[PDB]
Amino acid sequence: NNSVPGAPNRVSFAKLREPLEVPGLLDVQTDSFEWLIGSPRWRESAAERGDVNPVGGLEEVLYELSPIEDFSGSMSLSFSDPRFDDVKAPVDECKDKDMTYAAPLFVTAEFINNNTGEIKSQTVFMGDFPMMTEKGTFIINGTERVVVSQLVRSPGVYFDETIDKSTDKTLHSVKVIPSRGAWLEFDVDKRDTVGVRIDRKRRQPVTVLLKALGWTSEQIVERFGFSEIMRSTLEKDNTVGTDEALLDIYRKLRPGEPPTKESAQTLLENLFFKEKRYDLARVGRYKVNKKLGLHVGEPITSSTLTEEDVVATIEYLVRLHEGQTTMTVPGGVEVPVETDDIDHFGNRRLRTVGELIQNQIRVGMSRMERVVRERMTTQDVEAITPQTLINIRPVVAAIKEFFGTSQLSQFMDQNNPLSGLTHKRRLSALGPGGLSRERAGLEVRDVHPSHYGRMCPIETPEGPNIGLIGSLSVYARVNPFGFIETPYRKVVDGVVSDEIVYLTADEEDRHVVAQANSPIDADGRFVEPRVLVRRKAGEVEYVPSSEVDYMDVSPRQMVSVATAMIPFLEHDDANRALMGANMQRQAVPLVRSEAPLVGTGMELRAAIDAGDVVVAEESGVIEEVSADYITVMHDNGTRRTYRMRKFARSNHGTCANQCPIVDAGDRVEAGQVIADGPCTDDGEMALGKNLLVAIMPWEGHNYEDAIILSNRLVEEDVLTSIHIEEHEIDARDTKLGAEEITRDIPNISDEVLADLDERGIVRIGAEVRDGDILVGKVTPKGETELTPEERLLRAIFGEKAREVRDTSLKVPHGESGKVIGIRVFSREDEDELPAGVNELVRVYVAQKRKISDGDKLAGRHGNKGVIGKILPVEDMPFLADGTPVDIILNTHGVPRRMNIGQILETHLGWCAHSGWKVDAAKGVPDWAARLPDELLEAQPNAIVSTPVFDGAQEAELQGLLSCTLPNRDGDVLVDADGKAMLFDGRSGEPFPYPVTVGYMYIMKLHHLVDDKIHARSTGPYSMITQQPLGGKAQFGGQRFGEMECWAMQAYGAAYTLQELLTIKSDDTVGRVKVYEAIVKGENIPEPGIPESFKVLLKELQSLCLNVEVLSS
Amino acid sequence: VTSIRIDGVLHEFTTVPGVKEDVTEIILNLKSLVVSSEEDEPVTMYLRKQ
Amino acid sequence: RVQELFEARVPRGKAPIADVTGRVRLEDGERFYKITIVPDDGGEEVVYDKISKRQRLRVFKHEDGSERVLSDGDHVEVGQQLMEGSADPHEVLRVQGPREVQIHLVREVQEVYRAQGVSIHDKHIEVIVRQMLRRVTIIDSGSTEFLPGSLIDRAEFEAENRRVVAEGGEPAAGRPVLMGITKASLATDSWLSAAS
Amino acid sequence: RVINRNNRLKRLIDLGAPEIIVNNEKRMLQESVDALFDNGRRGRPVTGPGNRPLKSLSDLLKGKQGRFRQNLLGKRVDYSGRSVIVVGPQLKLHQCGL
Amino acid sequence: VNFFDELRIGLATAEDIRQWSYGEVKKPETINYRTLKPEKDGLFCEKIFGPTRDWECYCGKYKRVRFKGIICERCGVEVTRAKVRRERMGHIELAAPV
Ligand SMILES: [Zn+2]
């Protein structure tokens, strides 16, 4: 059932079949942009989904704006039908040439003059648009960008309920939150004053505004006769009269203004019926209509609040106060009456990139149309043209600044394809337009019974942003409004239905959802009469096998993409599983990757959709292949070529390459991988290698999470990685002159510049050591001069007649390696450069790092560690057949952390590596009844896969471990339990007891040791603070916190603190004298007065406060 | 083997037209080569295939 | 809890206290407990109008058992809490002096720390409480320059009082009082640290 | 501002003028010195950019960036170094590996 | 050298400020916007605080290193390291008490 053509074959412990393949993992990201721009494919998809009105994003935003007009009504403008054009240049050049992948858009604007009756219509240019590539990313200025979705509370009506501590009576509060406008709060209180708070005003009785509209008092009485408390309020109000009511409302809203009937009458419609001032999203209107069951039969077109909505809301509130279960309104079907919850996914919508870009372009359009309307009103009416009206600067500036500074525009982390995919699938909850860290409640960070199937509960950042950053589920798809959905198959009469439907939160709550793992007969008959089920909220209980309505699709319907590829996830702990999931997103691409021996079946699919692996479009036959490019011949006679980037610096400093895995003369079918990117092996993810592990404390070198590695890994490049640095220098013009890169440099020996070429740059392929010169340049000197008279003089004379300083770029502190390539941009060659620059050159330095001491390693079960020591290959313990182990793990950390899953993973890995053959001559053993018939016979170095929540059981492992194929020597190493006899490498005698061994997948984290190690004895000093610089790159000293001062005081150590505060941080003469004394044999002179104290003095003397010293 | 010399190539992080794998892969493959030395001085070999 | 204890604010529990030793004459109000104690030597009854939502604590008897209920008509020792909670340090200080409040604070902090299982020596807490309660509020200045109601350390107040008395000037009437860490640290002798 | 206003005062008194303008200008000068020794102490603080209050002379002492506090947060020292730590069982108690 | 028995804060006086400073600023002009040099007696003039560079007279008459604490008559400046610029002050003169 391998959907892709030529994926590697790896039989799986399959017991249940999923009736649908995993949907396009990046479809969610691309669909928003496709809807926004508007394409035939999106229109066809929308028509298939059944939506009556196919409406794009640009068309909608710039159609709801038009027709603009002047207040006099003698002029108007309209413009619709936005359309796009082709690309400027391919993505490769745009990324390499520093350009921006974009495309122009043209809008056909029609210019109509009312009083005359003329039409002026022609195309208009409206800037460029940052188009989205096929991998769901934005290329801005050559740097990758990815926008993350956001979680917002859908605009609507929420019925809150707070219990009084003294009265102990229910107070039902209803609050409406539209997209923009006034907020209405109707709350029944102990005093019974059912009032309103329009724009955080005083609680004015609802009846006052109800009558302000002219609502007849008799209609109030009859429609509220069933209500008793509200009837009491009606009998309690004093002011009566439409004019009096509206004037009182106006005074409460705007006091101190001429109270007139017309003013209040116009303000009512302006604040509640003027669409521009008061607007709600179509999602909000639809949700409110569904909540009240009013206006359900028609497609929402008007997006303004209506009076019937308000009267229905107050009726609902009073009925809820009465304690009724369900309420009905004329024209509305029966619906339940209950309070709403903020943390329910039936209210929290999802705004994709489409919504954000639409809002930004809406702001830009508003800014443009304001000036356009002002210009048309003020400009001459005769020879005015739309070309002269439309201004393109505001919209382009808005989009540019949104892409640049908006917090929702983050660099796409590209340590490995999995990290990029996770970032593209991320669900942010903070940032602009959202709650802050301090104001956000702690409860929102907890799980909700409605999260099942929509947001993974495991994957989450470890830092303080816990619970605010989730991830889509495997099968989750966003509905066209923004409410996440989840597939389900509906049971009609106790028989499973192959056909599936998608349900949202509200509909899911209103139905009965079965359990996927519940046994089901092949004919669709429920073998068990009682099947567990999930209910409204936090309720699970067995029910007859008939009333059940819905059933899930797969057991893996609630896990994230990252968490979906952690074997034996049903045995670890929540914290450990989360830690492992977070660790999986920090691997480092190695040089020679190997696919895992044990891993879920969602590896190849997660790699094909990652975009970092090329794939043929049409089934053709390869003519020839090369390390740099490939040429495939289509069956239609069209030759096509694919170019593969080799050794290009990744967005996070790692390397990226592609190696074709195809041979010359093979008819490659469409959809078959052709090249493997970083962290890949035959078109499937591979973030690490396979090492033979042993679990036993060894001389305390593996004490407290430490790790020991055999030198075989070091000397075989098993865990060798490649890291590429990047440096750049620029020569920008100055008032004193222009700097130029030149090979020559004042007062430098020939040896120092022996590497620079004629043009003034280091030759490619030349080794560079720390402190070496990387590119030379000369900085002119400052000499006062005449602007125009000496400018004439210097043009004709005085050439190179003043001085030049040296400011050449040098390798920072702690870098080395080869020089792989040099990129130079020149303004002469007509290359776009930032303003005020002439020559910007960047140099790439690539260094090969071998795993060493102080390096982090961690498996897929979240068990970090450090390389305590790398013993020689001749010292590690070895099996009875002479096979030395490669790594030793401690045992005390397994049961306390409670991550027993890794033990099972190691056992299964050993079983798969050694190969097994289960006896079947006498028949299938009872423990092997459910094993797939093709999984009973394996080969050495076989591949196995255990899907999450459905894998080999304990009995399966027990049986398999008892039938492993013997070694070529004829003997079996491990026992049935899985332990084995070792031999000490030092003593040479066997250990008294057996130990566990096996192959476990090991990754490599990004927290290397070379970055951390740093020293500083004497170096550059800051000029403004007189303190040493900071940071490893700047070669600066370490910080000295105040807690250290407290500790030093605690010991009573005085002279040490004096030195630390005076003689090594501030005192200039002190530093010079102590350095000279150390250079010689003289004793260190006592420190002096720190610069801080003298600065404090000379500063406090500036406030007329005579600060004496009183040395006496 | 101690050190190699590839004509027309200046360093190891690159490729060479006509081959299917880059310089790093061929270095890794050559690491498996096994040779026995009778002389106690650096000797030189050649590998010409077109 | 430790923060509140050291800060010496109004206890949240605010348990009733035995201001005087006498024969407890308590009438149990189901809404608000009313507590009165007849003095043994003589005098009036101190009246407490406490909230009745709690469950009365042990009465001080020869057995001295926690299971016992607060029995009316018994006798209690001065300063004892009548019900569970925490006694305001100011009240116990004014009615007992500094030693009792010092030992009570030390015992309370030690108890809360041992609740978690950690152990620390008492002297580390004595060194702190010694500084915390080293202020003598003054009600009247009389023959003294300092403003009445101004905090003065005990040593300097005593020195000035003895100096003024030795010359015949009337003494200044002042009493000891404690404060929280913030107020105890905000008032110092060196101006530079205060500015810091 | 202060120097400019003082020079305006000097020039005006040299030129000669009635009492009102002297005083009006003097009141102005008094405000500038008060502002310089402290901005926002009393009245509307002066704001040039983005309606942002300016950092007066007295602001060098109060606040988190006040020079008093910053002398206690610590300084960057020389002869330092940081690195990862790995347990070593081959060392005596009064020993360490560098 | 480093003996500070006590520290007392006294309230200064006009004569005290006269004593402390070494100049009397007169113009608000900052560093020149063209030649990037202080203006005559401006807010940075070397005649007040000290030389912009170390051991460098304004006019170049005493620009040799062999001049410590020496005043140039041509430009009326002193010759000492740039650090001295950090420890000398200026006092403005007021035409009206404040
Ligand atoms: Zn001079």
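Residues whose amide H falls under 5 Å from that of A:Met633, counting only those 5 or more places apart or on a different chain, are A:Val621, A:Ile622, A:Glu623, with hydrogens built in the peptide plane. Taking 18 Å as the straight-line reach from the Cα of A:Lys190, the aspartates and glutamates in range (excluding those fewer than 8 positions away in the same chain) are A:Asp160, A:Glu161, A:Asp164, A:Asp168, A:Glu228, A:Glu235, A:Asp237, A:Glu322.
Between C:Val177 and C:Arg135, C:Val136, C:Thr137, the built amide H atoms are under 5 Å apart, and every one of these is 5 or more places off in sequence or on another chain.
C:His104 sits among other residues whose Cβ lies under 12 Å from its own Cβ, and their net charge, with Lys and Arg +1 and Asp and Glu -1, is -3. Shown is the FRET efficiency for A:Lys735 and E:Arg86, computed with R0 = 30 Å from the Cβ-Cβ distance and rounded to the nearest 0.05: 0.65. Considering chain C at the alpha-carbon level, its Rg and Dmax are found to be 20.3, 60 Å. The GluC sites (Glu not before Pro) of segment A:727-787 that DSSP puts in a loop, and whose beta carbon has at most 13 other beta carbons within 10 Å, are A:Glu751, A:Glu758, A:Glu767, A:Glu783.
Couplings 3J(HN,Hα) of segment B:4-20, computed from phi: 10, 9, 9, 5, x, 10, 9, 7, 9, 8, 6, 10, 8, x, x, 9, 9 Hz, in residue order, whole Hz [Karplus 6.51 cos²θ - 1.76 cosθ + 1.60, θ = phi - 60°; x for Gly and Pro].
Note on A:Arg202 and A:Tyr1051: the extension gain reaches 299.4 nm, defined as 0.36 nm multiplied by sequence separation minus the Cα-Cα distance.
For segment A:783-852, the set of chymotrypsin sites (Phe, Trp or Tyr not before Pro) satisfying both a DSSP loop assignment and a count of at most 11 other C-beta atoms within 10 Å is given as A:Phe797.
Place a label point 7 angstrom from the Cα of A:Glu401 along the Cα-to-Cβ direction, then list the residues of segment A:421-442 whose backbone nitrogen is under 19 Å away. Counting only backbone N, you get A:431-434. Legend: P(r) of segment A:609-705 from all alpha carbon pair distances, 5 Å bins from 0, whole percents, reading 2, 11, 19, 18, 13, 9, 7, 6, 5, 4, 4, 2, 1, 0. The local environment of A:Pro299, defined by Cβ-Cβ distances under 15 Å, has a net charge of +2 under the rule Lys, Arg +1 and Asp, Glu -1. In plain terms, the residue of A:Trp927, A:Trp183 with the fewest other Cβ atoms within 10 Å comes first and the most crowded comes last, giving A:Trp183, A:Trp927. In terms of its C-alpha gyration tensor, chain A has an oblate overall shape, because the principal axis ratio a/c (a ≥ b ≥ c, square roots of the eigenvalues) is not below 1.5 and a/b does not outweigh b/c. Ignoring the sites themselves, chain E has its longest run without GluC sites (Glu not before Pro) in a DSSP loop having at most 10 other Cβ atoms within 10 Å at E:7-72. Inter-label distance, B:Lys49 to A:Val621: 2.7 nm, where each label sits 7 Å from its Cα along the C-beta direction.
Within chain C, which whole H helices from DSSP have a Cα span along their axis of at least 24 Å and a mean Kyte-Doolittle hydropathy of -1.0 or more, if any? Result, helices passing both filters: C:98-115. If the segment from A:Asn238 to A:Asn465 were pulled out straight at 0.36 nm per residue, it would be longer than the present Cα-Cα gap by 76.5 nm.
Along segment A:153-164 the Karplus relation, 6.51 cos²θ - 1.76 cosθ + 1.60 evaluated at θ = phi - 60°, assigns HN-Hα couplings of 7, 5, x, x, 10, 10, 9, 8, 9, 10, 8, 6 Hz to successive residues, with x for each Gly and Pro. Extending 7 Å from Cα along the Cβ direction at E:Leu7 and again at A:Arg986 yields two label points whose distance is 5.7 nm. A simple spin-label model places pseudo-atoms 7 Å from Cα toward Cβ; at C:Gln55 and C:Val78 they are separated by 3.3 nm. When Rg and the Kirkwood radius Rh are both evaluated on Cα atoms of segment A:539-587, their ratio Rg/Rh stands at 1.16.
For chain C, excluding the exposed loop sites themselves (GluC sites (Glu not before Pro), DSSP loop, at most 16 other Cβ atoms within 10 Å), the longest remaining stretch covers C:85-144. Given the pairs A:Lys848/A:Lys1004; A:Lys800/E:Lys37; A:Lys1073/A:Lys1098; D:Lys10/E:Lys26, which span a C-alpha to C-alpha distance of over 19 angstrom in this model? The answer is A:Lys800/E:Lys37; A:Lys1073/A:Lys1098.
Looking at this model, which pairs from A:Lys781/D:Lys64; A:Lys818/D:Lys75; A:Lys169/C:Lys53; A:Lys274/A:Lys400; A:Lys424/A:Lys850; A:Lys777/D:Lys75 are more than 29 angstrom apart at the alpha-carbon? In this structure, A:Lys781/D:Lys64; A:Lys818/D:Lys75; A:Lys274/A:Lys400; A:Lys424/A:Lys850; A:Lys777/D:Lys75 lie more than 29 Å apart at Cα. Count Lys and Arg as plus one, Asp and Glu as minus one, and take only other residues whose Cβ is under 11 Å from that of A:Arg794; the net charge is then -2. Length gained on full extension, A:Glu704 to A:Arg802: 28.8 nm, using 0.36 nm per residue less the C-alpha separation.
So which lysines can C:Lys50 reach, going by Cα to Cα under 24 Å and dropping same-chain residues fewer than 8 places off? C:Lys50 reaches A:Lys165, C:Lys14, C:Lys34, C:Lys61.
Backbone phi angles across segment A:525-531, fed through the Karplus curve with coefficients 6.51, -1.76 and 1.60 (θ = phi - 60°), yield HN-Hα couplings of 9, 6, 5, 7, x, 10, 10 Hz in residue order; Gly and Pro are listed as x. Taking the Cβ-Cβ separation of A:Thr325 and A:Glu507 as r and a Förster radius of 30 Å, what is the calculated FRET efficiency to the nearest 0.05? Taking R0 as 30 Å, the efficiency between A:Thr325 and A:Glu507 is 0.90. In a DSSP loop and with at most 14 other Cβ atoms within 10 Å, the GluC sites (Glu not before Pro) in segment A:1007-1112 are A:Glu1082, A:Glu1108. Among the listed pairs E:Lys40/E:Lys83; A:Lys1064/D:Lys55; A:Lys95/A:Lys135, those with a Cα-Cα distance over 25 Å are A:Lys1064/D:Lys55. Annotation: amide H-H contacts under 5 Å for A:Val335 (H modelled 1.01 Å from N, sequence separation of 5 or more, or interchain): A:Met327.
So basically every Cβ, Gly included, is an ideal-geometry build from the backbone, and we count neighbours across all protein chains shown. Throughout, read-outs are computed from the coordinates displayed, never taken from laboratory work.
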